[PDB]
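Reckoned from all heavy atoms, side chains included, excluding hydrogens, waters and symmetry mates. Throughout, protein chains are lettered first and strands after them, A, B, ... in sequence-line order, and every chain is numbered starting at 1.
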Protein chains: 6
Amino acid sequence: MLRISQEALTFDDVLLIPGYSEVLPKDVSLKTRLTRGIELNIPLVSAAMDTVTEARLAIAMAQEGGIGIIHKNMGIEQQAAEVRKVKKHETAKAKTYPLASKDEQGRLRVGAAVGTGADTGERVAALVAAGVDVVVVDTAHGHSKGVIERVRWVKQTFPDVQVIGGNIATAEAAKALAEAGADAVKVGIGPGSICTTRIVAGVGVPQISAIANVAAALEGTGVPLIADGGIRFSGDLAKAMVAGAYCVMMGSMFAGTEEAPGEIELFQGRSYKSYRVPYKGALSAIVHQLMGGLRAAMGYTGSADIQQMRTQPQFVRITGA
Amino acid sequence: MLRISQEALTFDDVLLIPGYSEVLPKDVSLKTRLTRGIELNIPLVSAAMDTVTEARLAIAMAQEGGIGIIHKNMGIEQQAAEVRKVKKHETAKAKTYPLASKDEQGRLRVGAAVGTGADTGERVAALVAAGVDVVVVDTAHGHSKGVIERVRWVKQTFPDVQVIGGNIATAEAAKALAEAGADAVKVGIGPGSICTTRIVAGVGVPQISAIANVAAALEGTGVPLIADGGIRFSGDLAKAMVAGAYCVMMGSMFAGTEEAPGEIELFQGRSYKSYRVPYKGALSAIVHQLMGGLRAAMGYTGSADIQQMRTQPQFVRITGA
Amino acid sequence: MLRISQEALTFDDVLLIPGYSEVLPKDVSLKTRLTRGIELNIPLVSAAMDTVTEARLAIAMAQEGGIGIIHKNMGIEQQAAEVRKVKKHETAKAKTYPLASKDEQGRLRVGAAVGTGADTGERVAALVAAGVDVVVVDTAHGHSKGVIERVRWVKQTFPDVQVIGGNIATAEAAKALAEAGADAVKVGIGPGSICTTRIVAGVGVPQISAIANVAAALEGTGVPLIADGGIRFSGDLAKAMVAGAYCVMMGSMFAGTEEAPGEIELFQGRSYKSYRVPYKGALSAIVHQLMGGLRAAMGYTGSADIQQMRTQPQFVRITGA
Amino acid sequence: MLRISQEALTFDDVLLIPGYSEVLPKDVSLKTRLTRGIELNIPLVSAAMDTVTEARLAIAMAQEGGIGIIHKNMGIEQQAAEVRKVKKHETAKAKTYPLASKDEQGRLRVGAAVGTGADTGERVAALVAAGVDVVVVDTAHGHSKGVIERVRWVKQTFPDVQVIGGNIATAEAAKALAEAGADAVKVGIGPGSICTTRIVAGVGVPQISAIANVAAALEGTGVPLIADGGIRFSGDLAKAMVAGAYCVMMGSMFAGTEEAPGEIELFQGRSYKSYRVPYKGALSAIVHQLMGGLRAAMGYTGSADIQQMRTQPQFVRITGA
Amino acid sequence: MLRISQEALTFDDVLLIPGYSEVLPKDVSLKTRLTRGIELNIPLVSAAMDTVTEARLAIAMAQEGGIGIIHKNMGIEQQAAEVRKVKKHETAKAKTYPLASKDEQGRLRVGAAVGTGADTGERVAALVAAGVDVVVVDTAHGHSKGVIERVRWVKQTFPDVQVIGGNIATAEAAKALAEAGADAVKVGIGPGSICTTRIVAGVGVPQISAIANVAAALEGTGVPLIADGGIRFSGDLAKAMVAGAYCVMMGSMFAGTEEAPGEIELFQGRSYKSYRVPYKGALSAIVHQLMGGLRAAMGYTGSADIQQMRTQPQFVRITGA
Amino acid sequence: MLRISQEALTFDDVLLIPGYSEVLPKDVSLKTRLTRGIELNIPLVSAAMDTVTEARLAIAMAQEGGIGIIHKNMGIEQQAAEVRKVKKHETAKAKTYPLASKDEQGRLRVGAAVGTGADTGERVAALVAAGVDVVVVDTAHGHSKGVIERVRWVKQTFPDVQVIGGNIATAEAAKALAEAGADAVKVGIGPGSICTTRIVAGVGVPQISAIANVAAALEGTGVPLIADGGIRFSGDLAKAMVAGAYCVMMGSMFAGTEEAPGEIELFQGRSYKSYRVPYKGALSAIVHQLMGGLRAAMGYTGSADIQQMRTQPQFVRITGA
Ligand code: NA
Ligand code: NA
Ligand code: NA
Ligand code: NA
Ligand code: NA
Ligand code: NA
């Protein structure tokens, strides 16, 4: 008698099935897209969190072949200044980053988040003027009048900038954002078992089904979808891609790295970052783990590139046992 | 080979799906009904428990826009006296409660519980004479000859008073109580995983399915249903409404508040209520949490009012994982 | 591709649904049958375990209106002597046991277990000569040539004695034992999640489905089935009856009672029985709990007697959550 | 919307159903095959792990009626020398091993593992020259060009030696290996809930379904399949056989035995093997437990031999509860 | 600079030193005195606690050769009635208690407690009229005007009854009570590490030193001292005697016995006494343990009787280690 | 060879010895002094902590008969304003506080803390002008040039105000502060086992010996000493007085009371104070516990008033055991 739409699956509900393979993990291609107009060499984005992405980590992310989204928990001038640092960054003498995400002028790519408040227009304008590549209209409920209208306003006001809208979790929301002119959508509403959205509001969609529903809705449109939340280890990342994601956004896993905000401190005979989270060392080692696991899964499933990984492998569904 | 009626779901089995929204949580309407004849400004009732509802908390509940049901674990004269205090309460000078549940004479509304024992008739008469708004025929098994007959006797003897019958958990029981003339039904038999009904008798219906089965049975009759049990946080409350409940009854969550029975004492360097349960401070802060979470869910699902919340949003079913 | 017969349910998978009731728990009838020819006033049997049933507990069990099965972990002469004590027991002056299970000569009823070894024939003969009411051919795998042949031999050699065969867990095994002439069957192979049969051999049938499959197979034959294992509290007992059991056998729950074998000793400032298990006091208090819970379930489901309890109420199936 | 092939079951999801039995556990036959051309008296193989199988344990395994696969984590000359020790081993005076796995010259049988690296050809040649009975092309992903080609190369280069290919987990992979000329396949990709393949790559197939899918694919071909992983106790072993396995490979359960590599040391007042794992005493006691449990399951299901055990008994599927 | 009287030792601070022995534990004498005028066959008293001593346990205590002190947490008439039951108790036919504590008329001996409130005089009179052997003026601080005056009043008003005063913990208090005419003193103020006297008031004397200080003060006076508190096992009891105690009072160790107040109930599958404490079975088994341990210590120290045990053996003092 | 001054004792090292008593706890006198010129009706001071003492709690403290010291973790104007609120507070109509600490104009007494920084002079002046009764020169190391000079400056600049200097822990420091003109001293350097002074600097004096050393040094001078730290329950408070303290300062035990700073919030279904610490309800209940325990100890030791409590009772020293 309940109005139940479907059973929805999370990462722990499924496993990838091995398939005939003739391309080794070291030889697969990880190239993909963030948005209609922005290509990435690896399917990885850093979250717009004040513990994760300011200019320093955004620069590292772009150097690795992904991209960072600078957070908005700061003044407009300050956020614009973080964007400028990335766009103006010049490669260290004696270092080479051949995977680096760059715009046509050869500058490192960067994103920045905005919300829907009364100073949003002013914030977007400052970010665009600072040379931002993509504006992320980033809210708790993207399938809403306010977000959809803000996405339209950005596309109308600044036609030359890429725009991401989110967060969403349904086919209908994906279509609405696409129609509003989003160049990509970000997927994740209550994706984790422990999130506050579930406990406070009783709301959420398990992330594997959320991703797959949004992927089917956007199939053949050219609009990428970004998976945002619920991913705990590299195995989950591979599952997200096979569910249909074009790339994955990481947050707290990147907090506490050298490039992330905060300062290293001694605590309990041990290094932490203080603003405390465990110090994690260089971002590059985490990226290596994540992308090594993805490469392994591509080898197991016989996927030679991301387009094959997203569309060809199958899951088995498993039990609690 | 087993006689299995259906699979029955509890709160943890389901999540609300986000929907297109254009009304913010702060702007939704929470108005609803307790019974055919009694409207509430918020969907919240306090339980007829001796740790929860006497006059002081009943007054606070009505001031918040809900209602309290005074417990029956006391003498008839005493319970009647608690009802009288509520009906005679005059608003503090310099305070305003614009949401307050009031009868046509402008007196705060109140309920009181009775059972089915030999002095029930006398107890009901005293409560009615004290000015009670609703009599709750409140038993462990409402789908029984004794309860159904008592509900009929109250409707026959005191036609001008509202009557709630319970507790029930099935479509057939809802219809039987409606036919007996109940102005609302209360839903919950073994709703919690930890309840004694399940352990001692092996009996129970998971509350999400119990609510939805009773809602379908009463659809189009004008008889409200009250959800009673199994609700641990605000997210569960929202799920109960979407399953079809008109309002929700809270018990132990309200015990230990300032307005609840008992006296504050120091225990282990910390405040408790003694008769011990943790002291919780003012009832209003709990109500704020519960209704804030409900408002959040209404925003997420795009429900502008309770009637939409009860009938329009969908669930996903999830796994243990 | 697996050869899966069915999904099988255990007690924790299901709950009883409340039904229209007009007979109170105190007023329901608990009368039932152990075998074609033996009626019990309560649906309770004590297990043939050396920690549970010798003459003293068998006498108490019969006085309560059930029956005990004397264990076979002793010499033939000794086991026969235990049977004789029960048959010769004379009611204490000034005590009355109006529910007592008695044969036509007015002697307390008793059972005794045998296996299939080389001295089984001699053991059966001694038990029968001692006046046993029912012989329980009691093995780990009753659906076997050895057990079926022993059941036939008992029916052929001693036509005037009742015979129970077990243990079984399938419809086919029930039919085979019935055909061999069993007056009842005992159900339970790997019924518990923790049993050695599951861990060592990978073998078992969850007890709710085992009971229901055996009940359907024996429907209309007049052959009772006894549920043996997996029952942890009174709620499980009620579920076993509704699944189709005629009565339930308890083992370790009865160990450590005053009437059970062993001697009380002080251990860790606390009473135990030593041969150690916690001392549990008088058997009657455990029986009261078990039968009180069954009565409660009968009231909830509106079952006026055991025949209605076995055939009329329904379950809901529930999730892990 | 997800590409889900099937629900896949693990050992804990299923139980064996008892069946009519007239052959006791002590009397069943355990004879089976490792490969097209190699018969075993018990369905047990030791893993090619450096903590498990060198010559000493391989000799014990063959004496018990199974076989060991010598690991490849050593130089080619060294691995060849381990094979030679087994082939040249002469039975101790005054000992008799009537179950022993022997070739036609009466020498104990032995296997050895190889991978796919650049010195594989040389390694295979040395093993064959040392008199190995079976070469195990043993990789993490057997359904790959490299493994399939290596299996073909072994069959072409050394037509008189048996070859096992693995590991696989699907019907398609089984067919590919059979076509490449494998004399058996080894089954197990991410079979355990805790394995690194699942966590790092998100890849795996629950072992009960993996076994059954491979069994169906190879039905009527004469190609055996070996179950490799996920088996924790003897009950799991029996389930693997009924799922379709011809024999089972054990690894870490055999580590720490007297015959396994490593040296006994005192640690925390207790014996360990150091290279540390608990000392387990003689291999024969573990084999006895495993085969005793299998015999018990064969008795319960009424399977007189392995061919009946693999093809006749049924499972029930059970819940988390 | 602190005013420290001495270091005070508790039971855990000391051990008894073995001495030359030629009398076995079974052959030592346990005879002693409760008061100037009352001899006991064992050095054991039951506490005046409402969970420990009413008539039933007092009778058992006297039968064992000790004595019970009936508690005062009841009406005066009720307490007098408990005393009367003991004095009027006639030995069961076919039982013999050759150690029994009896007065000159051959009636079982019994004590009863009083405090210092306004109805104390009336309470004492009722107890004496009921035939009590000893009145225990029993307070938290016996070295006080109120207690000393009450002890004098009892000795003056009822010269033929024995009187115990307590509780005390110093030489000065012992002398004051002796001077007031106490026939014995009871020792124990904050004796346990966990008592409320220490936590609330910061007051207490470790029991081994309290006993020894009181013993020295009363040496040569003929006034016994009773040790009351801090004794956890039989070893402590022996230490208390060697420290100078004439007998030992037990409280909570006796609660939960068959003879103690309360009724047996099933709780968590296990027997308790409810008023809950663990059921302990018959008092006699506890007494046997306590006196067996005392006998063992007497053997080890070569003490042939209580007078030697109290005056001859030595302790070693030990460290925390 | 170490330079060890003495063994130093903490509260857990000692217990109070009971003494002859003829004054009941309810009848003892708790009157004492804070400073040469300020008398208190109870020996209790609240700490100058920002979680403990602002005007609201200072007013409650003075009403109870003690005094509060307003903290200095705020601007000078703000701290002066808190002092003014206390001095200007007028007793609620219909309340009577007969124990209240008042100055000669009948205004509630209050203290305030200062340190030694560059704005200290200005801070002291503002406090004095606001009508403060006592200035507490409150530092981590009072036996220092800076503190001693500041104490002199306050006595010189404002001769009519009382001054407390601290913290100290030795006889020499007490004499130095007395000579500088302190009207009282505050005792406590590393008094707790868990304090940072001990862990970081290795510095501290166990509080019982610190108190007694300071008491002996100030004997006959008329200068009170205040015990500050290490006191966990009322029993410790009594021990501090007997060690020689005139009154005791409490900190964190008072944090979280209604009168203390912070605001009540719901957290984990339970009331806390947020700025989080457990909500403790009204200050008066804590004071009642502390002073009830002190009264109990005075009764036990036979101390009729504080002067007797400080000078007459004795301790026993106890072991870890
Ligand atoms: Na492919
Ligand atoms: Na809507
Ligand atoms: Na019925
Ligand atoms: Na068969
Ligand atoms: Na001696
Ligand atoms: Na005194």
Around atom NZ of B:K31, are there more than 12 heavy atoms from other residues, nucleotides or ligands closer than 6.0 Å? no
Determine whether B:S46 and B:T53 satisfy the following criterion, side-chain hydrogen bond (donor to acceptor under 3.5 Å, both in side chains), listing intermediate values before the conclusion. CA-CA 7 Å; B:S46 76; B:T53 309; 2.6 Å; yes
Under the ring-ring contact (aromatic ring centres under 6.0 Å, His included) rule, collect the residues that match up with B:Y97, sequence neighbours excluded. none
Tell me if a side-chain donor or acceptor on A:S209 pairs with a main-chain N or O of A:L9 at a distance below 3.5 Å. yes
Tell me, do B:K186 and B:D138 make a side-chain contact under 4.5 Å, heavy atoms counted? yes
What I want to find out is whether B:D103 reaches B:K87 closely enough, with some N-O distance under 4.0 Å, to be called a salt bridge. yes
Can you name the salt bridge (charged side-chain N to carboxylate O under 4.0 Å, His left out) partners of A:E7, sequence neighbours left out? A:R317
What I want to find out is whether B:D50 reaches B:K72 closely enough, with some N-O distance under 4.0 Å, to be called a salt bridge. no
Residues forming a salt bridge (charged side-chain N to carboxylate O under 4.0 Å, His left out) with B:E259, sequence neighbours excluded: none
Report, as yes or no, whether the 6.0 Å neighbourhood of atom CD on B:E179 holds more than 12 heavy atoms from other residues, nucleotides or ligands. no
Return yes if a side-chain donor-acceptor contact under 3.5 Å exists between B:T35 and B:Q162, otherwise no. yes
Under the salt bridge (charged side-chain N to carboxylate O under 4.0 Å, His left out) test, which residues partner C:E22, sequence neighbours left out? none
State whether B:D160 and B:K155 are salt-bridged, where the test is any N-O pair (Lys NZ or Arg NE/NH1/NH2 against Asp/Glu carboxylate O) under 4.0 Å. no
Identify, with sequence neighbours excluded, every residue that meets ring-ring contact (aromatic ring centres under 6.0 Å, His included) alongside B:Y300. A:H141
Considering non-hydrogen atoms only, spot the tightest contact between A:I189 and A:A140 and give its length. CD1-O, 3.0 Å
Identify all side-chain donor-acceptor contacts of residues 246-253 of chain B below 3.5 Å with residues at least two apart in sequence or on another chain.
none

